[PDB]
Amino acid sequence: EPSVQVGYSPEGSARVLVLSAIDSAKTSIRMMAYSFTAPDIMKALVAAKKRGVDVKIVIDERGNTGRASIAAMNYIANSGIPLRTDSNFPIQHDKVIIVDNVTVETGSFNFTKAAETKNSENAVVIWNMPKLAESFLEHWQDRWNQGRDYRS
């Protein structure tokens, strides 16, 4: 039952794999991000929202004050997706997507265009490991709990 997929950048497989993970969501998505700017990633998250997926995101505050960050943050908030900034860590550095409480995407891959087509990166999706995803959820929840809502 448990399995693992891997993708890389700038090859193109990391981006597609991460999109695959978000597109697979049927019930929930709990995301943690440092840089938060990739438009195609944002498009995918709100389509999941539209699909009825319970989406909640906590991102690093200090590293998300740029124009692209704000455009992505506004777009996400505008779609009804609960979103929070976290500044309690010099850097909330995780690049993680927990899907349906049993799957975990993680790796070096930040959700930016640079991570999609320029930097060398890796993204893995560990499918169906309830125990692993619940542990990650506690990680996500601790950071989310100390974040500041970003609403639209």
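Quick note: we count residues from 1 along the sequence shown, nothing fancier.
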Q: Using only the Cα atoms and their B-factors as the entry lists them, report which of 102-110 and 53-61 averages higher.
A: 53-61
Q | Between the two ranges 117-125 and 44-52, the one averaging a larger CA B factor in the entry | A | 44-52
Q: Relative to the other modelled residues of the same chain, rank the CA B-factor of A72 and answer lowest, middle or highest third.
A: lowest
Q: Could you say whether, by C-alpha temperature factor, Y34 belongs to the lowest, middle or highest third of its chain?
A: lowest
Q: Select lowest, middle or highest to describe the third in which the CA B-factor of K26 falls within its chain in this entry.
A: highest
Q. With respect to C-alpha B-factor, does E11 fall in the lowest, middle or highest third of the chain as deposited?
A. lowest
Q: Just say lowest, middle or highest third for the CA B-factor of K131 relative to the other modelled residues in its chain.
A: highest
